[PDB]
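J.: File follows, input-v2.cif with mmCIF, N, CA and C atoms and all ligand atoms:
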data_my_file
#
loop_
_atom_site.label_atom_id
_atom_site.label_comp_id
_atom_site.auth_asym_id
_atom_site.auth_seq_id
_atom_site.Cartn_x
_atom_site.Cartn_y
_atom_site.Cartn_z
N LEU A 7 10.23 10.19 -9.61
CA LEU A 7 9.80 8.71 -9.45
C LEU A 7 9.25 8.15 -10.74
N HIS A 8 9.39 6.84 -10.94
CA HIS A 8 9.02 6.18 -12.20
C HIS A 8 8.23 4.90 -11.92
N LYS A 9 7.17 4.67 -12.69
CA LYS A 9 6.44 3.43 -12.65
C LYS A 9 7.14 2.36 -13.49
N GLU A 10 7.13 1.14 -12.96
CA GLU A 10 7.74 -0.03 -13.57
C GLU A 10 6.68 -1.19 -13.57
N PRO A 11 6.77 -2.07 -14.55
CA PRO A 11 5.81 -3.14 -14.65
C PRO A 11 6.01 -4.21 -13.59
N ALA A 12 4.92 -4.96 -13.34
CA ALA A 12 4.92 -6.12 -12.48
C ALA A 12 3.63 -6.90 -12.76
N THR A 13 3.55 -8.16 -12.34
CA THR A 13 2.32 -8.95 -12.45
C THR A 13 1.93 -9.52 -11.07
N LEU A 14 0.65 -9.63 -10.80
CA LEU A 14 0.19 -10.26 -9.57
C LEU A 14 0.65 -11.73 -9.56
N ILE A 15 1.17 -12.17 -8.43
CA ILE A 15 1.26 -13.60 -8.15
C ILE A 15 0.11 -13.97 -7.22
N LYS A 16 -0.01 -13.31 -6.07
CA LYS A 16 -1.18 -13.52 -5.20
C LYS A 16 -1.36 -12.37 -4.19
N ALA A 17 -2.62 -12.06 -3.93
CA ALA A 17 -3.01 -11.18 -2.85
C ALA A 17 -2.64 -11.83 -1.54
N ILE A 18 -2.14 -11.06 -0.59
CA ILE A 18 -1.79 -11.66 0.71
C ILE A 18 -2.70 -11.05 1.78
N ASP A 19 -2.48 -9.79 2.14
CA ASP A 19 -3.43 -9.11 3.03
C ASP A 19 -3.57 -7.63 2.64
N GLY A 20 -3.86 -6.78 3.60
CA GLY A 20 -4.18 -5.37 3.29
C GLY A 20 -3.02 -4.61 2.69
N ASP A 21 -1.85 -4.83 3.23
CA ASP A 21 -0.73 -3.96 2.81
C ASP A 21 0.47 -4.74 2.33
N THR A 22 0.30 -6.03 2.02
CA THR A 22 1.27 -6.80 1.32
C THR A 22 0.66 -7.62 0.18
N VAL A 23 1.43 -7.75 -0.88
CA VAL A 23 1.02 -8.50 -2.03
C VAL A 23 2.23 -9.21 -2.66
N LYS A 24 1.98 -10.36 -3.25
CA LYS A 24 3.08 -11.03 -3.92
C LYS A 24 2.98 -10.71 -5.43
N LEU A 25 4.02 -10.09 -5.96
CA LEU A 25 4.11 -9.68 -7.35
C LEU A 25 5.34 -10.28 -7.98
N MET A 26 5.30 -10.42 -9.31
CA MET A 26 6.52 -10.65 -10.10
C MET A 26 7.11 -9.36 -10.62
N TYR A 27 8.38 -9.14 -10.35
CA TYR A 27 9.00 -7.85 -10.62
C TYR A 27 10.38 -8.14 -11.16
N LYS A 28 10.64 -7.60 -12.36
CA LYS A 28 11.78 -8.02 -13.19
C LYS A 28 11.91 -9.55 -13.30
N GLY A 29 10.77 -10.22 -13.38
CA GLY A 29 10.73 -11.64 -13.54
C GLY A 29 10.94 -12.58 -12.34
N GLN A 30 11.01 -12.02 -11.13
CA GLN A 30 11.23 -12.70 -9.85
C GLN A 30 10.10 -12.47 -8.87
N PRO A 31 9.68 -13.53 -8.16
CA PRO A 31 8.66 -13.34 -7.13
C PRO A 31 9.17 -12.53 -5.93
N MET A 32 8.37 -11.56 -5.51
CA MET A 32 8.68 -10.69 -4.38
C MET A 32 7.38 -10.39 -3.62
N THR A 33 7.48 -10.40 -2.30
CA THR A 33 6.52 -9.78 -1.45
C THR A 33 6.83 -8.30 -1.36
N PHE A 34 5.83 -7.51 -1.73
CA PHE A 34 5.83 -6.06 -1.55
C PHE A 34 5.03 -5.63 -0.35
N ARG A 35 5.64 -4.73 0.43
CA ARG A 35 5.00 -3.98 1.49
C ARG A 35 4.76 -2.52 0.98
N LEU A 36 3.49 -2.14 0.97
CA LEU A 36 3.03 -0.80 0.57
C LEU A 36 3.68 0.24 1.46
N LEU A 37 4.36 1.16 0.83
CA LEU A 37 4.91 2.33 1.51
C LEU A 37 3.85 3.16 2.18
N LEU A 38 4.21 3.70 3.35
CA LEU A 38 3.59 4.84 3.99
C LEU A 38 2.21 4.48 4.57
N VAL A 39 1.92 3.19 4.71
CA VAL A 39 0.60 2.77 5.22
C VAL A 39 0.66 1.71 6.30
N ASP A 40 -0.45 1.60 7.08
CA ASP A 40 -0.57 0.50 7.97
C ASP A 40 -2.05 0.06 8.03
N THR A 41 -2.34 -1.17 7.62
CA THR A 41 -3.73 -1.73 7.68
C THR A 41 -3.90 -2.56 8.93
N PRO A 42 -5.11 -2.57 9.54
CA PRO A 42 -5.42 -3.53 10.61
C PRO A 42 -5.15 -4.98 10.19
N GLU A 43 -4.69 -5.80 11.13
CA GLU A 43 -4.43 -7.23 10.84
C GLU A 43 -5.77 -7.99 10.74
N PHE A 50 -5.75 -9.13 10.05
CA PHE A 50 -6.96 -9.91 9.75
C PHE A 50 -7.89 -10.07 10.96
N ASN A 51 -7.30 -10.42 12.09
CA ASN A 51 -8.02 -10.67 13.37
C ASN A 51 -8.57 -9.41 13.98
N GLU A 52 -7.99 -8.28 13.60
CA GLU A 52 -8.40 -6.98 14.13
C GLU A 52 -9.66 -6.49 13.38
N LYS A 53 -10.34 -5.56 14.03
CA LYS A 53 -11.44 -4.81 13.47
C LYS A 53 -11.03 -4.18 12.12
N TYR A 54 -11.74 -4.58 11.05
CA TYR A 54 -11.52 -4.13 9.64
C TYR A 54 -10.49 -4.93 8.88
N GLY A 55 -9.83 -5.88 9.57
CA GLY A 55 -8.76 -6.67 8.98
C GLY A 55 -9.27 -7.46 7.79
N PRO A 56 -10.41 -8.17 7.96
CA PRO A 56 -10.90 -8.86 6.77
C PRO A 56 -11.29 -7.89 5.63
N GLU A 57 -11.86 -6.75 5.98
CA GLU A 57 -12.29 -5.80 4.97
C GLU A 57 -11.05 -5.17 4.27
N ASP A 58 -9.93 -5.02 4.97
CA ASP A 58 -8.75 -4.42 4.26
C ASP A 58 -8.07 -5.42 3.34
N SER A 59 -8.12 -6.71 3.71
CA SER A 59 -7.61 -7.75 2.82
C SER A 59 -8.44 -7.85 1.58
N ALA A 60 -9.76 -7.84 1.76
CA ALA A 60 -10.68 -7.95 0.66
C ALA A 60 -10.48 -6.82 -0.31
N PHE A 61 -10.31 -5.62 0.23
CA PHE A 61 -10.21 -4.44 -0.57
C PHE A 61 -8.96 -4.45 -1.49
N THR A 62 -7.80 -4.68 -0.89
CA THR A 62 -6.56 -4.82 -1.67
C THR A 62 -6.60 -6.00 -2.69
N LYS A 63 -7.12 -7.12 -2.25
CA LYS A 63 -7.16 -8.32 -3.07
C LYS A 63 -7.98 -8.01 -4.33
N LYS A 64 -9.13 -7.41 -4.15
CA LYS A 64 -10.01 -7.10 -5.29
C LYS A 64 -9.34 -6.11 -6.19
N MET A 65 -8.74 -5.11 -5.60
CA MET A 65 -8.07 -4.08 -6.38
C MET A 65 -6.91 -4.67 -7.20
N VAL A 66 -6.13 -5.58 -6.62
CA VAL A 66 -5.01 -6.14 -7.40
C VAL A 66 -5.44 -7.25 -8.35
N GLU A 67 -6.45 -8.04 -7.97
CA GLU A 67 -6.91 -9.19 -8.79
C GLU A 67 -7.69 -8.70 -9.99
N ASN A 68 -8.31 -7.54 -9.87
CA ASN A 68 -9.07 -6.98 -10.95
C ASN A 68 -8.23 -6.14 -11.90
N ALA A 69 -7.03 -5.73 -11.51
CA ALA A 69 -6.29 -4.80 -12.36
C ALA A 69 -5.87 -5.49 -13.62
N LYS A 70 -5.97 -4.79 -14.73
CA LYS A 70 -5.31 -5.24 -15.96
C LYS A 70 -3.82 -5.00 -15.91
N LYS A 71 -3.40 -3.98 -15.21
CA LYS A 71 -1.98 -3.57 -15.26
C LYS A 71 -1.58 -3.17 -13.85
N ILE A 72 -0.59 -3.90 -13.30
CA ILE A 72 0.01 -3.59 -12.03
C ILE A 72 1.34 -2.90 -12.32
N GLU A 73 1.61 -1.84 -11.58
CA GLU A 73 2.91 -1.17 -11.61
C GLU A 73 3.48 -0.96 -10.25
N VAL A 74 4.81 -0.83 -10.21
CA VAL A 74 5.57 -0.65 -9.00
C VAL A 74 6.33 0.67 -9.12
N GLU A 75 6.30 1.48 -8.07
CA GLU A 75 7.01 2.72 -8.07
C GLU A 75 7.82 2.78 -6.77
N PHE A 76 9.13 2.70 -6.89
CA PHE A 76 9.99 2.90 -5.78
C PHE A 76 10.16 4.39 -5.50
N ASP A 77 10.47 4.69 -4.25
CA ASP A 77 10.76 6.02 -3.84
C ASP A 77 12.29 6.21 -4.00
N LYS A 78 12.83 7.18 -3.31
CA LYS A 78 14.24 7.61 -3.48
C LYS A 78 15.21 6.87 -2.52
N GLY A 79 14.62 6.20 -1.52
CA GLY A 79 15.31 5.52 -0.46
C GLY A 79 15.31 4.01 -0.63
N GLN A 80 15.34 3.28 0.46
CA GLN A 80 15.62 1.84 0.43
C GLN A 80 14.46 1.15 -0.24
N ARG A 81 14.76 0.15 -1.04
CA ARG A 81 13.81 -0.51 -1.89
C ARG A 81 13.28 -1.84 -1.29
N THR A 82 14.00 -2.31 -0.27
CA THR A 82 13.64 -3.53 0.44
C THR A 82 13.78 -3.32 1.93
N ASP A 83 12.83 -3.84 2.71
CA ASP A 83 12.90 -3.74 4.15
C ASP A 83 13.78 -4.86 4.74
N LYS A 84 13.86 -4.87 6.05
CA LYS A 84 14.62 -5.84 6.73
C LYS A 84 14.13 -7.29 6.64
N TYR A 85 12.89 -7.49 6.22
CA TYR A 85 12.34 -8.83 6.02
C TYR A 85 12.52 -9.28 4.54
N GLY A 86 13.15 -8.45 3.68
CA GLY A 86 13.24 -8.69 2.25
C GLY A 86 12.00 -8.31 1.45
N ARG A 87 11.03 -7.68 2.08
CA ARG A 87 9.91 -7.13 1.33
C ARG A 87 10.34 -5.88 0.54
N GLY A 88 9.92 -5.82 -0.74
CA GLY A 88 10.02 -4.62 -1.54
C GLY A 88 9.12 -3.55 -0.95
N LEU A 89 9.63 -2.33 -0.93
CA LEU A 89 8.91 -1.19 -0.44
C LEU A 89 8.64 -0.28 -1.65
N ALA A 90 7.37 -0.17 -1.96
CA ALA A 90 6.93 0.60 -3.12
C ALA A 90 5.52 1.17 -2.96
N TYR A 91 5.22 2.08 -3.89
CA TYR A 91 3.88 2.45 -4.20
C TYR A 91 3.39 1.52 -5.33
N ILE A 92 2.22 0.92 -5.14
CA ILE A 92 1.69 -0.01 -6.08
C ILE A 92 0.46 0.58 -6.73
N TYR A 93 0.37 0.42 -8.05
CA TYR A 93 -0.72 1.02 -8.86
C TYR A 93 -1.48 -0.11 -9.51
N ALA A 94 -2.80 0.03 -9.51
CA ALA A 94 -3.71 -0.90 -10.21
C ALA A 94 -4.50 -0.10 -11.23
N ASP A 95 -4.13 -0.29 -12.50
CA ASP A 95 -4.69 0.49 -13.61
C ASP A 95 -4.55 1.97 -13.32
N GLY A 96 -3.33 2.35 -12.96
CA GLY A 96 -2.96 3.74 -12.77
C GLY A 96 -3.41 4.34 -11.45
N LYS A 97 -4.18 3.58 -10.65
CA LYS A 97 -4.66 4.02 -9.35
C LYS A 97 -3.82 3.46 -8.21
N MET A 98 -3.38 4.33 -7.33
CA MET A 98 -2.46 3.92 -6.31
C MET A 98 -3.20 3.15 -5.24
N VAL A 99 -2.82 1.87 -5.06
CA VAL A 99 -3.40 1.06 -3.95
C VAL A 99 -3.15 1.75 -2.58
N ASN A 100 -1.92 2.17 -2.31
CA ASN A 100 -1.61 2.82 -1.03
C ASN A 100 -2.62 3.98 -0.68
N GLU A 101 -2.81 4.90 -1.62
CA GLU A 101 -3.69 6.01 -1.50
C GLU A 101 -5.11 5.58 -1.32
N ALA A 102 -5.54 4.63 -2.11
CA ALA A 102 -6.96 4.13 -2.06
C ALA A 102 -7.34 3.50 -0.73
N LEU A 103 -6.50 2.64 -0.17
CA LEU A 103 -6.70 2.18 1.20
C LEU A 103 -6.89 3.29 2.18
N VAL A 104 -6.04 4.28 2.12
CA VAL A 104 -6.12 5.37 3.09
C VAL A 104 -7.44 6.17 2.87
N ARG A 105 -7.78 6.39 1.62
CA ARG A 105 -8.88 7.24 1.30
C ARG A 105 -10.15 6.60 1.74
N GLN A 106 -10.16 5.27 1.79
CA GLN A 106 -11.32 4.49 2.30
C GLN A 106 -11.32 4.18 3.79
N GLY A 107 -10.35 4.72 4.53
CA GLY A 107 -10.32 4.46 5.94
C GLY A 107 -10.00 3.01 6.28
N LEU A 108 -9.32 2.33 5.36
CA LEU A 108 -8.92 0.93 5.59
C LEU A 108 -7.42 0.82 5.92
N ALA A 109 -6.77 1.98 6.00
CA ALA A 109 -5.36 2.06 6.42
C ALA A 109 -5.11 3.46 6.97
N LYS A 110 -4.09 3.57 7.82
CA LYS A 110 -3.57 4.86 8.33
C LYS A 110 -2.23 5.12 7.68
N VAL A 111 -1.94 6.39 7.44
CA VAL A 111 -0.59 6.85 7.10
C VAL A 111 0.31 6.48 8.30
N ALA A 112 1.47 5.92 8.00
CA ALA A 112 2.30 5.25 8.96
C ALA A 112 3.63 5.00 8.31
N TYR A 113 4.63 4.81 9.15
CA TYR A 113 5.93 4.32 8.69
C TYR A 113 6.55 5.26 7.66
N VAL A 114 6.57 6.53 8.01
CA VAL A 114 7.05 7.61 7.21
C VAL A 114 8.52 7.88 7.49
N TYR A 115 9.42 7.31 6.71
CA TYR A 115 10.87 7.44 6.95
C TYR A 115 11.45 8.41 5.89
N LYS A 116 12.46 9.21 6.26
CA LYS A 116 12.93 10.29 5.34
C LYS A 116 13.47 9.64 4.10
N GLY A 117 13.31 10.29 2.96
CA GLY A 117 13.85 9.75 1.71
C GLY A 117 13.10 8.59 1.11
N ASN A 118 12.10 8.07 1.82
CA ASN A 118 11.03 7.28 1.22
C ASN A 118 9.66 7.88 1.58
N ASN A 119 9.47 9.14 1.30
CA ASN A 119 8.30 9.87 1.73
C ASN A 119 7.76 10.77 0.67
N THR A 120 8.03 10.48 -0.59
CA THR A 120 7.60 11.37 -1.71
C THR A 120 6.07 11.61 -1.71
N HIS A 121 5.30 10.57 -1.42
CA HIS A 121 3.81 10.75 -1.50
C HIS A 121 3.11 10.97 -0.17
N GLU A 122 3.86 11.36 0.83
CA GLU A 122 3.34 11.54 2.18
C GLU A 122 2.19 12.50 2.22
N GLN A 123 2.44 13.67 1.65
CA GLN A 123 1.43 14.70 1.73
C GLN A 123 0.15 14.30 0.96
N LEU A 124 0.29 13.65 -0.21
CA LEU A 124 -0.84 13.07 -0.96
C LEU A 124 -1.67 12.12 -0.09
N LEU A 125 -0.99 11.20 0.61
CA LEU A 125 -1.71 10.23 1.45
C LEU A 125 -2.32 10.88 2.66
N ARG A 126 -1.62 11.86 3.23
CA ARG A 126 -2.21 12.60 4.36
C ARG A 126 -3.50 13.30 3.97
N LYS A 127 -3.54 13.81 2.77
CA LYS A 127 -4.74 14.52 2.34
C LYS A 127 -5.89 13.52 2.29
N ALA A 128 -5.60 12.34 1.78
CA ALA A 128 -6.62 11.29 1.63
C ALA A 128 -7.12 10.79 3.01
N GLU A 129 -6.20 10.69 3.96
CA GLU A 129 -6.54 10.31 5.32
C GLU A 129 -7.48 11.36 5.96
N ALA A 130 -7.15 12.65 5.77
CA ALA A 130 -8.01 13.73 6.26
C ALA A 130 -9.41 13.58 5.66
N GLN A 131 -9.52 13.25 4.37
CA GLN A 131 -10.87 13.09 3.77
C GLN A 131 -11.62 11.86 4.33
N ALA A 132 -10.96 10.72 4.41
CA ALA A 132 -11.50 9.53 5.11
C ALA A 132 -11.98 9.80 6.51
N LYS A 133 -11.16 10.51 7.26
CA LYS A 133 -11.51 10.85 8.60
C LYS A 133 -12.69 11.84 8.64
N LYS A 134 -12.66 12.85 7.79
CA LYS A 134 -13.82 13.74 7.64
C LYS A 134 -15.06 12.91 7.35
N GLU A 135 -14.96 11.90 6.48
CA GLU A 135 -16.13 11.06 6.14
C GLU A 135 -16.47 9.96 7.12
N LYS A 136 -15.73 9.89 8.22
CA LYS A 136 -15.91 8.87 9.25
C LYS A 136 -15.88 7.44 8.68
N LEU A 137 -15.01 7.19 7.70
CA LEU A 137 -14.99 5.87 7.08
C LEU A 137 -14.20 4.88 7.90
N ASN A 138 -14.86 3.73 8.07
CA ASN A 138 -14.27 2.47 8.46
C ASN A 138 -13.51 2.59 9.78
N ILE A 139 -12.19 2.65 9.76
CA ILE A 139 -11.48 2.81 11.03
C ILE A 139 -11.74 4.19 11.71
N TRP A 140 -12.23 5.16 10.95
CA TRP A 140 -12.57 6.42 11.57
C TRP A 140 -14.05 6.49 11.92
N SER A 141 -14.81 5.40 11.79
CA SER A 141 -16.28 5.45 11.97
C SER A 141 -16.68 5.38 13.42
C1 LIG A 201 6.22 0.14 5.70
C2 LIG A 201 7.58 -0.23 6.26
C3 LIG A 201 7.72 -1.19 7.25
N1 LIG A 201 8.95 -1.49 7.74
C4 LIG A 201 9.14 -2.46 8.81
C5 LIG A 201 9.02 -1.71 10.12
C6 LIG A 201 8.26 -2.66 11.02
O1 LIG A 201 9.19 -3.42 11.83
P1 LIG A 201 8.74 -4.51 12.99
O2 LIG A 201 8.35 -5.83 12.33
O3 LIG A 201 10.02 -4.60 13.73
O4 LIG A 201 7.55 -3.96 13.72
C7 LIG A 201 7.47 -3.56 10.06
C8 LIG A 201 5.98 -3.26 9.92
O5 LIG A 201 5.39 -4.08 8.91
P2 LIG A 201 3.92 -4.73 9.08
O6 LIG A 201 3.02 -3.57 9.39
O7 LIG A 201 3.77 -5.40 7.77
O8 LIG A 201 4.11 -5.66 10.22
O9 LIG A 201 8.07 -3.41 8.81
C9 LIG A 201 10.08 -0.79 7.26
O10 LIG A 201 11.18 -1.09 7.74
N2 LIG A 201 9.98 0.14 6.28
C10 LIG A 201 8.79 0.48 5.79
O11 LIG A 201 8.67 1.39 4.95
CA CA A 202 0.15 -4.13 8.75
#
Starting from the file, give its structure as structure tokens.
T.:
Amino acid sequence: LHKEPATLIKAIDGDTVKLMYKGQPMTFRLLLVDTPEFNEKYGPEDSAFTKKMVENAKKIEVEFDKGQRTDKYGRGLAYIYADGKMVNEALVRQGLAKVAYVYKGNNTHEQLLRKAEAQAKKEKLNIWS
């Protein structure tokens, strides 16, 4: 897998963000995660968390997996990095997302995220509290 450049256009919610990628606006859906919706318990806190992480980054990167790069809604499916730190992993590690939507051939970081979920859950964070 390889990191590629992108720039923030706007934070949307916990697990989607609008980025510029190869010079075109795209909504990205974070691979391998699922955040509570805004109206749900922790929904505002998961939006805040992603928004801060992407709005504060000096450098946003996009990393596609080995499988499909866009979902059925036209969202890009990637791992997103903010100053070298994976947003997908960080949400999970903070108990603001669950590992979810694990499809074969787009699952390179599954075990990494599962480990982070186990630590969040051990720490009773947020959705595990
Ligand atoms: C994360 C992800 C979601 N999706 C689709 C499946 C779900 O379909 P349905 O809309 O039919 O439920 C939806 C979940 O996204 P949200 O959690 O953003 O709603 O996005 C993929 O197809 N591939 C993926 O890797
Ligand atoms: Ca969601």
J.: Residues at most 6.5 Å from residue 90 of chain A, counting only N, CA and C atoms, excluding those fewer than 6 positions away in the same chain, as a compact mmCIF listing (two decimals) with N, CA and C atoms, keeping the file's coordinate frame?
T.:
# COMPACT_ATOMS: atom_id res chain seq x y z
N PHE A 34 5.83 -7.51 -1.73
CA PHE A 34 5.83 -6.06 -1.55
C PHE A 34 5.03 -5.63 -0.35
N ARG A 35 5.64 -4.73 0.43
CA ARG A 35 5.00 -3.98 1.49
C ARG A 35 4.76 -2.52 0.98
N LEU A 36 3.49 -2.14 0.97
CA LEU A 36 3.03 -0.80 0.57
C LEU A 36 3.68 0.24 1.46
N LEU A 37 4.36 1.16 0.83
CA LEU A 37 4.91 2.33 1.51
C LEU A 37 3.85 3.16 2.18
N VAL A 74 4.81 -0.83 -10.21
CA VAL A 74 5.57 -0.65 -9.00
C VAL A 74 6.33 0.67 -9.12
N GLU A 75 6.30 1.48 -8.07
CA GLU A 75 7.01 2.72 -8.07
C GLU A 75 7.82 2.78 -6.77
N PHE A 76 9.13 2.70 -6.89
CA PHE A 76 9.99 2.90 -5.78
C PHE A 76 10.16 4.39 -5.50
N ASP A 77 10.47 4.69 -4.25
CA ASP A 77 10.76 6.02 -3.84
C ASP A 77 12.29 6.21 -4.00
N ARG A 81 14.76 0.15 -1.04
CA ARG A 81 13.81 -0.51 -1.89
C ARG A 81 13.28 -1.84 -1.29
J.: Which one is closest to residue 127 of chain A: A:69, A:23, A:104, A:14? Count only N, CA and C atoms.
T.: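 Of A:69, A:23, A:104, A:14, the one nearest residue 127 of chain A, counting only N, CA and C atoms, is A:104.
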J.: Using only N, CA and C atoms and all ligand atoms, which residues of the polymer chains come no farther than 6.5 Å from ligand LIG 201 (chain A)? I'd like the answer as an MDAnalysis selection string.
T.: chainID A and resid 21 35:41 83:84 89 112:115
J.: Report the distance between atom CA of residue 129 of chain A and atom CA of residue 110 of chain A in Å, rounded to one decimal place.
T.: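 Between atom CA of residue 129 of chain A and atom CA of residue 110 of chain A the gap is 6.9 Å.
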J.: Run DSSP on the backbone and give me the residues of segment 10-85 of chain A it puts in strand (DSSP E or B), as a list in words.
T.: residues 10, 11, 12, 13, 14, 15, 16, 17, 22, 23, 24, 25, 26, 27, 30, 31, 32, 33, 34, 35, 36, 39, 40, 72, 73, 74, 75 and 82 of chain A
J.: To one decimal place in Å, what is the distance between atom N of residue 79 of chain A and atom N of residue 10 of chain A?
T.: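 Going from atom N of residue 79 of chain A over to atom N of residue 10 of chain A, I get 14.6 Å.
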J.: Taking the DSSP assignment computed from this structure's backbone, write out as a ChimeraX atom specification all residues of segment 21-133 of chain A that belong to alpha helix (DSSP H).
T.: /A:55-68,99-105,122-133
J.: Mind pulling up the distance from atom CA of residue 62 of chain A to atom C of residue 140 of chain A?
T.: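 Going from atom C of residue 140 of chain A over to atom CA of residue 62 of chain A covers 19.2 Å.
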J.: May I ask which of the residues A:42, A:130, A:17, A:100 is the closest one to residue 64 of chain A, counting all atoms listed in the file?
T.: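 Using all atoms listed in the file, residue 64 of chain A sits closest to A:17.
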J.: Counting only N, CA and C atoms, which residue out of A:31, A:131, A:120, A:60 sits closest to residue 15 of chain A?
T.: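 Among the listed residues, the smallest separation from residue 15 of chain A belongs to A:31.
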J.: Which protein, DNA or RNA residues are at most 7 Å from (-7.5, 6.1, 7.5) in the file's coordinates when you count all atoms listed in the file, listed as number ranges by chain?
T.: A: 103-111, 128-130, 132-133, 137, 139-140
J.: Using only C-alpha atoms, which residue out of A:22, A:13, A:138, A:33 lies closest to residue 59 of chain A?
T.: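 Looking at the shortest contact to residue 59 of chain A, the residue is A:22.
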J.: Looking at all atoms listed in the file, which of A:72, A:20, A:8, A:125 is the one that sits closest to ligand CA 202 (chain A)?
T.: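 Distance minimum relative to ligand CA 202 (chain A) lands on A:20.
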